[PDB]
Amino acid sequence: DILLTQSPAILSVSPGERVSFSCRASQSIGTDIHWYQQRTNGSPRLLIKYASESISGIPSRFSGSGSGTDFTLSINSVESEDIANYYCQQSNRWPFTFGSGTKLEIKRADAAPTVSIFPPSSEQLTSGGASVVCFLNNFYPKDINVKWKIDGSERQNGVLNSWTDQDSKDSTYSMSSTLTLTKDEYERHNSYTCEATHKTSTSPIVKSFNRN
Amino acid sequence: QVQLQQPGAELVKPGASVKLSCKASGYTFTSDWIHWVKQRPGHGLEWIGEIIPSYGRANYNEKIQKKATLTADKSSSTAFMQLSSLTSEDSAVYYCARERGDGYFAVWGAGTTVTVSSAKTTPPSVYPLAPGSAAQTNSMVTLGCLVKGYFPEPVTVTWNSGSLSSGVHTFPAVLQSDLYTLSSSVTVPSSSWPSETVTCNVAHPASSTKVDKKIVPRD
Amino acid sequence: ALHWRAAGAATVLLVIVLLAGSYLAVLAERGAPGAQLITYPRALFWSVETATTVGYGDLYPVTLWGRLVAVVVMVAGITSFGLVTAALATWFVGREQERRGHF
Ligand SMILES: CCCCCCCCCO
Ligand SMILES: [K+]
Ligand SMILES: [K+]
Ligand SMILES: [K+]
Ligand SMILES: [K+]
Ligand SMILES: [K+]
């Protein structure tokens, strides 16, 4: 069949800069290429049909070009809502095939993480369990480290992390560290602290709560 | 007015089967083709097969193994895909798309998250995440919502039924002991709380459940 | 008028063949790897250049039923053109023996 190669896999670009994705076919397919957009946890969305023709509802920001075996999707002045996965699809020959895909990431200004620590709720404590949640929201770049300390002593067992993709509202990243413990283990300790070391601060930003 | 409506999620035992659906509203021409696209987590789009409901003929992807069987019901405007003999390799998100017979996929469905595992269905547990009573507030106060112990994916979370759309982070779930754990954060002005009411809406389609939780400040 | 019945029916038949042939071609070509006659808009133009026997070669079926549909489109366009041409000739002949004084 017809294989569609998309380059590059990941595309970094500064805000307000014209960007260009590349879709290339194994053989000549004229102009029967179509572009789709897929955001985080979303369904694909048609942006461009037949190489260059536009779609109602899609901004004039998006434009396509190319013919034969080389196709290009361009974005004049990339903004935060453009952060998604872009796919190309051919309809020249049976069967229809898709491209491997290209992820778009925006190189914005560095942002410090907003740390937030949350004590275990009463609805959870009344079931023999407790989870201290530590949120790290809206930081750039994505590289960040988390550190837990119980009564000064560093704790590692029972910590699960979860990173998001580049948020398409402000081109930032987020992280959630969750220390899960039993009710008995949570009672025989006092101070729980959550530390965060980031590129924008030589000093680790911390947050602490006291169950008293 | 979702043109293509699909169920939220489906849980299938290894080796069993399931019948996915795709109810179609909007204009239904005799030249319509219904396509099914498979997408694995962290992977791209894969074409499974197509079907024309007005005639009932279906084509499939020869490069892969035939796990699907496409049918349609013109009286109810609903296409069906029969995924049989499922393994862990068949766990993905299956979309349905409508093509006007002109090559491109004009409208997509929301996708159905099919999970193939031996584990059982467990409803989620929603816990409030209010900041400590000795914590400082700027011009913004971040509130949270804890969703743990559910199976399988996914879960949908909204704040104030969607009115609090901006400033929401829903972190990807973590799997542990055949159970998922998810946290969601919302950023509201410090004057907007606890003055205005803030509630997280957690819906688990696999267990057909949906609950709310008012974020009340800690006593 | 028998010659206008045959020409009038053939042209109606041709329009039915052109539309159904465009539809049936796509239905028969999809599922065959390499086929390019797989979308209705360009299949509609293919049926015209087939019935008129132009046949650029930009579009053509590769399957059995796609080729069977092509044969029907070929024959329909040719016979319709043969009947209309015949109907015109008799119309002119009858018109020519009139104007003189023959009825
Ligand atoms: C008249 C159109 C019928 C097309 C059926 C094609 C079936 C091909 C099976 O390999
Ligand atoms: K000719
Ligand atoms: K020719
Ligand atoms: K030719
Ligand atoms: K040629
Ligand atoms: K040629």
# chains A, B, ... in the order shown; residues from 1 in each chain; ligands from 1
>>> interface_residues(of="chain A", to="chain C", cutoff="8 Å", atoms="only C-alpha atoms", output="list in words")
residues 1, 92, 93, 94 and 95 of chain A
>>> interface_residues(of="chain A", to="chain B", cutoff="9 Å", atoms="only C-alpha atoms", output="PyMOL selection string")
chain A and resi 32-34+36+42-46+49-50+85+87+89-92+95-101+116-124+133+135+137+160-164+167+169+174-176+178+208-211
>>> residues_near_ligand(ligand="ligand 6", cutoff="10 Å", atoms="only C-alpha atoms and all ligand atoms", output="NGL selection string")
:C and (56-58)
>>> write_last_selection(atoms="N, CA and C atoms", output="PDB file, in the first residue's frame")
ATOM      1  N   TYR C  56      -9.429   8.459 -21.150  1.00  0.00           N
ATOM      2  CA  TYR C  56      -8.085   9.004 -20.991  1.00  0.00           C
ATOM      3  C   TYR C  56      -7.122   7.964 -20.433  1.00  0.00           C
ATOM      4  N   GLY C  57      -7.591   7.134 -19.509  1.00  0.00           N
ATOM      5  CA  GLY C  57      -6.720   6.253 -18.764  1.00  0.00           C
ATOM      6  C   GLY C  57      -6.312   6.787 -17.411  1.00  0.00           C
ATOM      7  N   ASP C  58      -6.728   8.007 -17.071  1.00  0.00           N
ATOM      8  CA  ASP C  58      -6.507   8.532 -15.731  1.00  0.00           C
ATOM      9  C   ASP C  58      -7.290   7.744 -14.691  1.00  0.00           C
TER      10      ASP C  58
END
>>> closest_residue(among="A:139, A:66, A:193, A:18", to="residue 30 of chain A", atoms="only C-alpha atoms")
A:66
>>> residues_around(residues="residue 84 of chain B", least_positions_apart="5", cutoff="12 Å", atoms="only C-alpha atoms", output="list in words")
residues 12, 13, 14, 15, 16, 17, 18, 19, 20, 65, 66, 67, 68, 69, 70, 90 and 116 of chain B
>>> atom_distance(atom1="atom CA of residue 84 of chain A", atom2="atom CA of residue 38 of chain B")
18.2 Å
>>> residues_near_ligand(ligand="ligand 1", cutoff="12 Å", atoms="only C-alpha atoms and all ligand atoms", output="NGL selection string")
(:B and (52 or 55-60)) or (:C and (20-33 or 61-70 or 72))
